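Trainee: One structure, as structure tokens, below. Some questions next.
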There are 2 protein chains.
Amino acid sequence: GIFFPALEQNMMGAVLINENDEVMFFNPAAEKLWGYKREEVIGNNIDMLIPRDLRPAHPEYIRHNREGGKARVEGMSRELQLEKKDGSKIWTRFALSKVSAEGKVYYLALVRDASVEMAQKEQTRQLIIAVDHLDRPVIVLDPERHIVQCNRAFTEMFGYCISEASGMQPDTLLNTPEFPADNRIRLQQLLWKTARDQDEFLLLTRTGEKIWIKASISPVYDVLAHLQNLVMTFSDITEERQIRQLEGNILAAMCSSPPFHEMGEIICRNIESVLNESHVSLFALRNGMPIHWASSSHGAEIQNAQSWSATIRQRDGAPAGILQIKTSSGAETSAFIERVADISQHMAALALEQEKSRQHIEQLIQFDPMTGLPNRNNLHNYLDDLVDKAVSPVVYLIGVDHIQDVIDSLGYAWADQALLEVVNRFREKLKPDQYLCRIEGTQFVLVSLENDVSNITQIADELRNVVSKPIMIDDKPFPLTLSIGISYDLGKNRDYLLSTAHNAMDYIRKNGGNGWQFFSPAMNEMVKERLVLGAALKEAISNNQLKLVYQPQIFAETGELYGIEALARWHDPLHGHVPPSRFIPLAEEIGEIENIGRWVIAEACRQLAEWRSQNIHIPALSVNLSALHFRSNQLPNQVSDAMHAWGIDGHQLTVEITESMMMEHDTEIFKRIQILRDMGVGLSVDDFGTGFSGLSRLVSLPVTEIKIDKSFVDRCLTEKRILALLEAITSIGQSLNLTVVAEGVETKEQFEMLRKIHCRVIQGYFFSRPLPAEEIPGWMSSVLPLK
Amino acid sequence: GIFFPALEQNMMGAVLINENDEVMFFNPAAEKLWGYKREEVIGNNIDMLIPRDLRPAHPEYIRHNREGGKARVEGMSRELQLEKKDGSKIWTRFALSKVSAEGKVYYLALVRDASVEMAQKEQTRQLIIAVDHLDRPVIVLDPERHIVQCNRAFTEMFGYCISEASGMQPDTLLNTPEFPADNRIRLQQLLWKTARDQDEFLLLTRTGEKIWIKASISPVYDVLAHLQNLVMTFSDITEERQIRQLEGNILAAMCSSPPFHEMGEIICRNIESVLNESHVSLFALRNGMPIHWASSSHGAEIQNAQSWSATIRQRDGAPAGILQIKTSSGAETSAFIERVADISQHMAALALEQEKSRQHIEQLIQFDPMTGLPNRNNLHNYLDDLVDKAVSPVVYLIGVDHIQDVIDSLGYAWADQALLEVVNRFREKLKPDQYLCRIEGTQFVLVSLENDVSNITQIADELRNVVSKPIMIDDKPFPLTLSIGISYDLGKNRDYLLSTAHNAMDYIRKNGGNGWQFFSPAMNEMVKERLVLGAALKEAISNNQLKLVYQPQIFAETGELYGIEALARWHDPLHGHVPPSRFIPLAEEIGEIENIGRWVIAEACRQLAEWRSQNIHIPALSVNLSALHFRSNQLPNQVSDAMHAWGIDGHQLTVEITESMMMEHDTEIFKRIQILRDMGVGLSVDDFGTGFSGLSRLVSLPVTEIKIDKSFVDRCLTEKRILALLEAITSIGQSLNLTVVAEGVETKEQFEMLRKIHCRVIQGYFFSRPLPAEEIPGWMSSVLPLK
Ligand code: HEM
Ligand code: HEM
């Protein structure tokens, strides 16, 4: 038979199975397939040829193709995986056909090895993901200018599928608007142009919005140099420019250097604004852990959405952040999401880098560029030094308040200068011991060592008075004040001091600002009682409750009377017998020293005159002006008025002017005081001048009394180190014809020591304790002399 | 036999041709394929079934196969366009097999259609062309992470195509430098990521080049949700990487806020780095006109140079500048030039906006917000007020220089920190009366009010020393220098002074990297001449070429010469006859304060040795040492050494010091004076003691004699108080044999004016003008007394 040699020498594996599913034929092509030899399977069940794992399902196909023939179908050709005798599940092309061999229902199966074309199909399967995956849409056109294949970017960019765009003109697919009318002419010209070309089109999506597309056509010929294909690519220019301006705006915002979470939120907001129908949010990396960096308020869930992840990497190293964007299906094309993701990721890397650099910068900056002052870093060391040296530091926290008005009105450009002006006033005001710092924003710190209550009640006042007059901006005033808290304690660490200072600083502002306070309620009480005492002193001068007392002075060599001294004296049921060691500085703080001294001298004069008018006389009275410092320009005015109140008898009066030199700062006092001698008052001095030999010890000044203070005589009896200077002062008195008085003496031994040196007047608890205004007349009417 | 039905009833197209090209077998499948009938086909030439246009060569192919053997190929297969009997042409897969009957040559043809396969092949060529048309590389990776496909972009940009790349790891396929930034591990891990990711990598071409690829890996899953393929896209981030570096650098710049011109220069540097041989220019817009803000310095001639412009607009879109890029003709790709235009323009946009704001506020700002120092306008108003008041200042143009080191190494932030550090030194050292501002950039200006050349040079030298110490920052201290220009002219405007000082600073900076001078060299020579004089004094004191004069003091009583006072002199031929009032301050300036005094005392002791041999019995010898300013660092040891040098006990030697100088350090000074007491060396204090008047009487025993200054003795007509000074001295004089010395007597009338006051010693020109070293014996022999 002719069919015998052709079947025998054939390159396709032909096999036949009887109606009972048993095989009866094989060939060398079948041997190239499977692997079994002919005799191994001739007359045996087909199941052995069937794959071992496929045998359970084969009977179903057998029944379907025998009982009903799969709806009376002889067979078909298709691909199937063949498990060769070596166990390899190779791929081959199978074909089936019902046959009537021997009058029975037999089935003939043809097989062909298909490894090579299977590899071609693998190439195509990779190439389809290579085409769907792409940065821009691309579609190839046959000689008749019909769309044949497209990509996922094309589909998601124009709302079209391959089924919808198959075999149809690009313009017919993207039906163009009639406005302008030349769009059709231009697109035809470009599409039918035989050479590579580019142009711009105004396509409108199947689902809506217009896109100003930039389309390009390129040719591809064949061996015969004939038109084989024309590849057309629709690069986006509308959304492409949207991403370009997205990067531009992200860089613009980042150039202002806003804080970390602000940068994250800005990036998220803009990313969503471009890739609408999505949410975005970033995570930062710290200590090898992710922390939610920023998010936009539009975090609502959207159906049919997919996540999309990227990693933030700085100049090198592990990630600095995690990028995640959830986008709803149909929101925007995948390549466009890629375009947004790359820019967002690189911009986020730069954002992380900026914060990282700012960390090391701020942590080590030793001066804040605004105001150029020291900052927290320097203040930390300048407080650690003091705390470890154990010298009690005092920390004031200043807060500028009522500032936001300038920021709102003129803007930051002028609000910065407004702060700098006050900071410069601080510098012009402060002193070498003090240290200044600007910790953050409108908050500053002052470090001091002098920590007396009366010192702080003045430093705080200076700091708060710095801003009395308004700040001049644009020649227009803009007021400000300060809330200043004072921390002062021993032992506690700088951290405790700063915490307390900030507590007080915020507390003052919350109460209303424009003020100052200590941290300690007890220390605040202290000043409350001080203020009450000051008001009481005001009322006291008003109501004439203070008095004066007299300390007798005697000629040390004879026992005759020499003078009396007017020691101020305060009496009060609310506070008992306060001493001049405490009630004078209160008068200085309250500014009533003027009335204090006025009443003192006035009552001294009135007592002197009312005793002169009676049958009693005394050598003189000495009022110590230096105690209240009596240093205003009315220094002679007050005494002149008081003396004129009852006539001028300066010869009967003495005055003490022990300002360290009384001319070291104000020469007007000296130039005007000569009226005292003109009236006859007895000038007196305690200290010894320094410069120019104390102005040649002012022989021109008619000094009368030289007073050796209490301490000198108190310490004299022990040491010749003081006996020598006592000798010198007494000798110079005796030589320059000056009367020397000693303001202290306790027991007979001190008086014995002072006797030999020829001291002229001695006063102290020895001769007579101070005796009030009511019975010193009795003492003088009784005792003369006292030795 | 089944061999007949095996083919006769087959559905696959089958034909057979014998040696004579006659069709011997033609199956019903072949009938339904071609359209002929079996009877019409059998016995006819095979060419009838061949396409008419291809028939002529078919017999030639058959003859070639019959004769040449063709390596006895058993069979083959392919697709060709079959022509049917009706003339229609279709694509039909087919295969050829070689069979032999009766020992002759026969050929068997098998045929199927697979027209959908031809359509898929058309789709496959289309996929290849679609992916290959775009220049972005894409590759596909099997599950095991082996690259299994490539495209034209990848092969062109990496050398390896698929053939030499398939079936191996991408990390090995892609070679990297030796872990420059740990690139190997990053590539390995990213290649192993299971979720979509993207990073950057250095990859070296076949030749070997440092190119950067933005590897972007994405997975593709199957229908059953398993990892199926890994497709990645290496976008060549080289232009993109360059823009990344550009953005980072310019972001760092704009954050650090450099000056506007340096910002433009940085922009130009980056622009030329990304575009070699570029003549880029930033034509900003000022007052509606294009102003050259900056440009790249490489303006070399270019043939048909490519020119482009980018528009710089504010937030509202109004034009504000033009980035004009000029480059080699067509040397820049459109896709990359577009970005170096847009991104650079949009980053410079905020620079321009901030600069416009700063320019609007420039005429009004009063405080530079980087150093806190007053800006140019404050200084201008201050100098205007000073000149209106007729105050000529000295503009210490402190040109803080060498800052370029920190600028190039650590950048603008740490440059500002160093500037704040140096202004900290200036602020702490400047005296209250001085003023300091910042005229521009790094040029500070410290306005003072010192006209003395000595004070000016002292301020310059102390500024130089305070800047000399390394300026610590970031634990890498940098040395810094100053170029202090100075000027001083009465009645000249601020413009005159600031032009002069600026020109002087420029002149000195040009002549050297450090120094300081005046403008108008007419007076700059003063520093050089005084320095030469200082060197000459150094030489003279080292050589011991000075001289001494011995002025005697004559008793106001009837007596012999009380003593001598030794006064150091100097006589040189070149520098003139230098007086004491000149060289003593020069001695302090040059640092021989202790050395000159040591010479003075040594000469005094040697001359004491010389005198005693003759009848010169040395009543007493005072060697001053007050104007020479002995410090405690060298006083006791050196002053005492001269005592033993020639055997003269202190009973005649005398030193002098002012208590105003003793008060400099009260801790130890007079201890050495007591050592001198033990040695017998007397101490004659100055005009009078300072405060407390006691150290001049106890522990120390001065007032062995005390001297009255000539300025007072000759001015007694107004300084009449020196009479009381004399009597105060007389007190302790009669106490323990102490004495006064009125120095400066010039007439017998002054002698009468003094002697009435019981002064014991008279000195001055009148009784005896100073005598040369060797005439003391003559004066002694001649005058006893003169009266
Ligand atoms: C590697 C060996 C084999 C494999 C992998 C295999 C697999 C399959 C599978 C999965 C089907 C379901 C329908 C389809 O896939 O098209 C099928 C159908 C069928 N199989 Fe097999 N089979 C093998 C061997 C054979 C052989 C040699 C025969 C000989 C007749 C056979 C008899 C049939 C029949 C008659 C059908 C009906 C298909 C139709 O009518 O379209 N099987 N085969
Ligand atoms: C549509 C029908 C046919 C077409 C288009 C066609 C075309 C061709 C062409 C162009 C060749 C040259 C070699 C090559 O292309 O690889 C060839 C070779 C050949 N053809 Fe055909 N042919 C057809 C039908 C047949 C048939 C039915 C037979 C039956 C035996 C046959 C026998 C041969 C032989 C023996 C060769 C030699 C191949 C070799 O030596 O490698 N041709 N054919």
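Here, A, B, ... name the chains of the structure tokens in the order displayed, residue numbers run from 1 inside each chain, and ligands are numbered from 1 in the same displayed order.
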Check which residues fall inside 7 Å of ligand 2 when counting only C-alpha atoms and all ligand atoms, and print them as a list in words.

Mentor: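 Within the 7 Å cut-off, the matching residues are residues 15, 16, 17, 46, 49, 50, 51, 58, 61, 62, 64, 65, 70, 80, 81, 82, 83, 96, 107, 108 and 109 of chain B.
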
Trainee: Would you export the selected residues with N, CA, C and O atoms as a PDB file, in the first residue's frame, please?

Mentor:
ATOM      1  N   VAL B  15       0.387  14.745   1.308  1.00  0.00           N
ATOM      2  CA  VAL B  15       0.636  14.553  -0.118  1.00  0.00           C
ATOM      3  C   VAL B  15       1.969  13.837  -0.277  1.00  0.00           C
ATOM      4  O   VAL B  15       2.843  13.932   0.588  1.00  0.00           O
ATOM      5  N   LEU B  16       2.123  13.113  -1.383  1.00  0.00           N
ATOM      6  CA  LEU B  16       3.355  12.397  -1.685  1.00  0.00           C
ATOM      7  C   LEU B  16       3.718  12.618  -3.145  1.00  0.00           C
ATOM      8  O   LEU B  16       2.841  12.639  -4.014  1.00  0.00           O
ATOM      9  N   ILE B  17       5.012  12.783  -3.414  1.00  0.00           N
ATOM     10  CA  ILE B  17       5.518  12.965  -4.769  1.00  0.00           C
ATOM     11  C   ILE B  17       6.656  11.982  -5.008  1.00  0.00           C
ATOM     12  O   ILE B  17       7.520  11.788  -4.144  1.00  0.00           O
ATOM     13  N   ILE B  46       3.745  18.314  -9.582  1.00  0.00           N
ATOM     14  CA  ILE B  46       3.578  18.956  -8.280  1.00  0.00           C
ATOM     15  C   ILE B  46       3.421  20.461  -8.430  1.00  0.00           C
ATOM     16  O   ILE B  46       2.810  21.119  -7.578  1.00  0.00           O
ATOM     17  N   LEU B  49       0.112  22.401  -7.697  1.00  0.00           N
ATOM     18  CA  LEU B  49      -0.222  22.793  -6.335  1.00  0.00           C
ATOM     19  C   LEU B  49       0.614  23.962  -5.834  1.00  0.00           C
ATOM     20  O   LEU B  49       0.221  24.612  -4.858  1.00  0.00           O
ATOM     21  N   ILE B  50       1.745  24.245  -6.472  1.00  0.00           N
ATOM     22  CA  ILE B  50       2.636  25.326  -6.063  1.00  0.00           C
ATOM     23  C   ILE B  50       2.052  26.649  -6.547  1.00  0.00           C
ATOM     24  O   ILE B  50       1.375  26.676  -7.585  1.00  0.00           O
ATOM     25  N   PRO B  51       2.270  27.759  -5.842  1.00  0.00           N
ATOM     26  CA  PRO B  51       1.795  29.050  -6.353  1.00  0.00           C
ATOM     27  C   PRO B  51       2.383  29.351  -7.724  1.00  0.00           C
ATOM     28  O   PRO B  51       3.540  29.034  -8.010  1.00  0.00           O
ATOM     29  N   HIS B  58      10.333  25.701  -8.354  1.00  0.00           N
ATOM     30  CA  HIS B  58      10.064  24.517  -7.547  1.00  0.00           C
ATOM     31  C   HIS B  58      10.759  23.290  -8.131  1.00  0.00           C
ATOM     32  O   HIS B  58      11.387  22.527  -7.385  1.00  0.00           O
ATOM     33  N   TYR B  61      14.347  23.429  -7.119  1.00  0.00           N
ATOM     34  CA  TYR B  61      14.565  23.014  -5.737  1.00  0.00           C
ATOM     35  C   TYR B  61      14.494  21.498  -5.605  1.00  0.00           C
ATOM     36  O   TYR B  61      15.293  20.890  -4.879  1.00  0.00           O
ATOM     37  N   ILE B  62      13.540  20.869  -6.294  1.00  0.00           N
ATOM     38  CA  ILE B  62      13.426  19.414  -6.236  1.00  0.00           C
ATOM     39  C   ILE B  62      14.685  18.764  -6.797  1.00  0.00           C
ATOM     40  O   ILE B  62      15.214  17.802  -6.232  1.00  0.00           O
ATOM     41  N   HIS B  64      17.690  20.088  -6.948  1.00  0.00           N
ATOM     42  CA  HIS B  64      18.782  20.326  -6.013  1.00  0.00           C
ATOM     43  C   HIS B  64      18.730  19.341  -4.854  1.00  0.00           C
ATOM     44  O   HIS B  64      19.758  18.777  -4.461  1.00  0.00           O
ATOM     45  N   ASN B  65      17.540  19.114  -4.296  1.00  0.00           N
ATOM     46  CA  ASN B  65      17.411  18.132  -3.224  1.00  0.00           C
ATOM     47  C   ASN B  65      17.774  16.734  -3.702  1.00  0.00           C
ATOM     48  O   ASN B  65      18.437  15.984  -2.976  1.00  0.00           O
ATOM     49  N   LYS B  70      22.216  17.371   0.326  1.00  0.00           N
ATOM     50  CA  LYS B  70      21.899  18.307   1.403  1.00  0.00           C
ATOM     51  C   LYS B  70      22.056  17.640   2.768  1.00  0.00           C
ATOM     52  O   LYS B  70      21.212  17.768   3.657  1.00  0.00           O
ATOM     53  N   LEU B  80       4.315  28.644   4.839  1.00  0.00           N
ATOM     54  CA  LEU B  80       4.321  29.325   3.553  1.00  0.00           C
ATOM     55  C   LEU B  80       2.885  29.607   3.135  1.00  0.00           C
ATOM     56  O   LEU B  80       1.943  28.952   3.587  1.00  0.00           O
ATOM     57  N   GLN B  81       2.729  30.597   2.258  1.00  0.00           N
ATOM     58  CA  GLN B  81       1.417  31.021   1.784  1.00  0.00           C
ATOM     59  C   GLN B  81       0.967  30.077   0.674  1.00  0.00           C
ATOM     60  O   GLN B  81       1.412  30.196  -0.472  1.00  0.00           O
ATOM     61  N   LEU B  82       0.085  29.141   1.015  1.00  0.00           N
ATOM     62  CA  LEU B  82      -0.419  28.181   0.044  1.00  0.00           C
ATOM     63  C   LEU B  82      -1.399  28.847  -0.911  1.00  0.00           C
ATOM     64  O   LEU B  82      -2.192  29.705  -0.512  1.00  0.00           O
ATOM     65  N   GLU B  83      -1.344  28.443  -2.178  1.00  0.00           N
ATOM     66  CA  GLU B  83      -2.256  28.926  -3.209  1.00  0.00           C
ATOM     67  C   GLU B  83      -3.262  27.828  -3.523  1.00  0.00           C
ATOM     68  O   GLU B  83      -2.874  26.707  -3.872  1.00  0.00           O
ATOM     69  N   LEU B  96       8.098  18.799   5.617  1.00  0.00           N
ATOM     70  CA  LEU B  96       8.604  17.935   4.560  1.00  0.00           C
ATOM     71  C   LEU B  96       9.368  16.784   5.194  1.00  0.00           C
ATOM     72  O   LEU B  96      10.110  16.988   6.161  1.00  0.00           O
ATOM     73  N   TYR B 107       9.120  12.181  -1.704  1.00  0.00           N
ATOM     74  CA  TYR B 107       8.972  13.248  -0.722  1.00  0.00           C
ATOM     75  C   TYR B 107       7.540  13.290  -0.214  1.00  0.00           C
ATOM     76  O   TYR B 107       6.590  13.172  -0.995  1.00  0.00           O
ATOM     77  N   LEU B 108       7.388  13.466   1.099  1.00  0.00           N
ATOM     78  CA  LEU B 108       6.085  13.503   1.751  1.00  0.00           C
ATOM     79  C   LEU B 108       5.885  14.883   2.365  1.00  0.00           C
ATOM     80  O   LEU B 108       6.778  15.400   3.045  1.00  0.00           O
ATOM     81  N   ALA B 109       4.720  15.474   2.122  1.00  0.00           N
ATOM     82  CA  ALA B 109       4.377  16.773   2.676  1.00  0.00           C
ATOM     83  C   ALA B 109       3.168  16.658   3.596  1.00  0.00           C
ATOM     84  O   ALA B 109       2.115  16.139   3.214  1.00  0.00           O
TER      85      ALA B 109
END

Trainee: Over all C-alpha pairs taken in order, what is the RMSD once chain A has been least-squares superposed onto chain B?

Mentor: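 For chain B versus chain A, the C-alpha RMSD is 17.0 Å.
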
Trainee: Step one, run DSSP on the backbone; step two, keep only residues of region 82-139 of chain A assigned to helix (DSSP H, G or I); then write them as an MDAnalysis selection string.

Mentor: chainID A and resid 101:103 115:132

Trainee: Give the answer as one residue: which of A:210, A:55, A:469, A:665 has the shortest atom-to-atom distance to ligand 1, using only C-alpha atoms and all ligand atoms?

Mentor: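 Counting only C-alpha atoms and all ligand atoms, the residue closest to ligand 1 is A:55.
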
Trainee: Pick out the residues sitting within 12 Å of residue 404 (chain B), and hand them over as JSON, numbers by chain; count only C-alpha atoms, and ignore anything fewer than 6 positions along from it in its own chain.

Mentor: {"B": [410, 411, 412, 414, 415, 416, 418, 419, 442, 478, 479, 480, 481]}

Trainee: Create the file for the chosen residues now, containing C-alpha atoms and written as a short mmCIF file (atom, residue, chain, number, x, y, z; two decimals), in the first residue's frame.

Mentor:
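So again05.cif came out as:
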data_model
loop_
_atom_site.label_atom_id
_atom_site.label_comp_id
_atom_site.auth_asym_id
_atom_site.auth_seq_id
_atom_site.Cartn_x
_atom_site.Cartn_y
_atom_site.Cartn_z
CA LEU B 410 32.31 72.95 55.05
CA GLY B 411 30.04 75.37 53.19
CA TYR B 412 27.90 78.37 53.98
CA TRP B 414 29.63 76.62 58.97
CA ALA B 415 31.00 79.75 57.31
CA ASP B 416 28.21 81.69 59.02
CA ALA B 418 32.66 80.93 61.98
CA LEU B 419 31.58 84.51 61.25
CA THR B 442 32.22 89.40 55.39
CA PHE B 478 40.56 76.74 61.08
CA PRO B 479 43.05 79.63 61.31
CA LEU B 480 41.69 83.02 60.32
CA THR B 481 43.30 86.39 59.64
#

Trainee: Which is closest to ligand 1 among A:340, A:73, A:625, A:786, if we use only C-alpha atoms and all ligand atoms?

Mentor: A:73

Trainee: From the DSSP assignment of the backbone, select every residue of region 335-578 of chain A that is strand (DSSP E), and format the answer as a PyMOL selection string.

Mentor: chain A and resi 394-401+435-440+443-448+471-473+476-478+481-488+515-518+547-550+553-555+561-569

Trainee: Output the selection as an mmCIF file, in the first residue's frame - C-alpha atoms for each residue.

Mentor:
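Once everything was written out, this is again.cif:
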data_model
loop_
_atom_site.group_PDB
_atom_site.id
_atom_site.type_symbol
_atom_site.label_atom_id
_atom_site.label_comp_id
_atom_site.auth_asym_id
_atom_site.auth_seq_id
_atom_site.Cartn_x
_atom_site.Cartn_y
_atom_site.Cartn_z
ATOM 1 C CA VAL A 394 20.242 82.189 88.664
ATOM 2 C CA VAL A 395 18.318 81.609 85.433
ATOM 3 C CA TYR A 396 15.792 84.072 84.024
ATOM 4 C CA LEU A 397 13.529 83.038 81.153
ATOM 5 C CA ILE A 398 12.296 86.027 79.140
ATOM 6 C CA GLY A 399 9.432 85.746 76.689
ATOM 7 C CA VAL A 400 8.632 88.569 74.284
ATOM 8 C CA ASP A 401 4.876 89.066 74.242
ATOM 9 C CA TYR A 435 25.267 85.792 80.165
ATOM 10 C CA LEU A 436 22.606 85.971 77.454
ATOM 11 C CA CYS A 437 21.050 83.326 75.221
ATOM 12 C CA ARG A 438 18.165 82.888 72.782
ATOM 13 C CA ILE A 439 16.631 79.448 73.218
ATOM 14 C CA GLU A 440 13.799 79.405 70.661
ATOM 15 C CA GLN A 443 12.250 83.029 74.355
ATOM 16 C CA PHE A 444 15.580 84.060 75.874
ATOM 17 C CA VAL A 445 17.652 83.073 78.901
ATOM 18 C CA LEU A 446 19.829 85.109 81.266
ATOM 19 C CA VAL A 447 22.412 83.462 83.534
ATOM 20 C CA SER A 448 23.568 85.400 86.595
ATOM 21 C CA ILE A 471 9.795 99.512 68.862
ATOM 22 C CA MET A 472 10.133 101.786 65.829
ATOM 23 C CA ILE A 473 9.345 100.068 62.518
ATOM 24 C CA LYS A 476 5.488 103.616 63.239
ATOM 25 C CA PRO A 477 5.509 102.264 66.814
ATOM 26 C CA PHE A 478 4.688 98.651 67.617
ATOM 27 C CA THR A 481 6.219 93.491 76.662
ATOM 28 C CA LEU A 482 7.899 90.569 78.418
ATOM 29 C CA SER A 483 6.897 87.660 80.608
ATOM 30 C CA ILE A 484 9.953 86.801 82.688
ATOM 31 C CA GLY A 485 10.258 83.943 85.171
ATOM 32 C CA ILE A 486 13.107 83.664 87.668
ATOM 33 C CA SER A 487 14.569 80.357 88.854
ATOM 34 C CA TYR A 488 16.951 80.424 91.815
ATOM 35 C CA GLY A 515 5.107 90.829 83.999
ATOM 36 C CA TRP A 516 7.675 88.918 86.021
ATOM 37 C CA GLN A 517 7.732 86.426 88.863
ATOM 38 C CA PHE A 518 9.888 84.049 90.858
ATOM 39 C CA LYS A 547 11.021 109.335 115.309
ATOM 40 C CA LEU A 548 14.614 110.290 116.056
ATOM 41 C CA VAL A 549 16.942 109.455 118.945
ATOM 42 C CA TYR A 550 20.168 111.018 120.200
ATOM 43 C CA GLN A 553 29.006 112.753 122.525
ATOM 44 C CA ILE A 554 31.543 113.936 125.093
ATOM 45 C CA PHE A 555 34.988 115.525 125.152
ATOM 46 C CA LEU A 561 29.332 117.499 126.008
ATOM 47 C CA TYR A 562 30.314 117.656 122.336
ATOM 48 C CA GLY A 563 27.269 116.690 120.266
ATOM 49 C CA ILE A 564 24.427 114.304 119.539
ATOM 50 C CA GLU A 565 23.620 112.098 116.545
ATOM 51 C CA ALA A 566 20.217 111.619 114.904
ATOM 52 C CA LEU A 567 19.789 107.894 114.327
ATOM 53 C CA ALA A 568 16.579 107.121 112.455
ATOM 54 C CA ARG A 569 14.121 104.780 114.162
#

Trainee: What gap, in Å, lies between CA of residue 504 (chain B) and CA of residue 461 (chain B)?

Mentor: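 Between CA of residue 504 (chain B) and CA of residue 461 (chain B) the gap works out to 16.9 Å.
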
Trainee: Between CA of residue 409 (chain A) and CA of residue 365 (chain B), what is the distance, to one decimal in Å?

Mentor: 16.4 Å
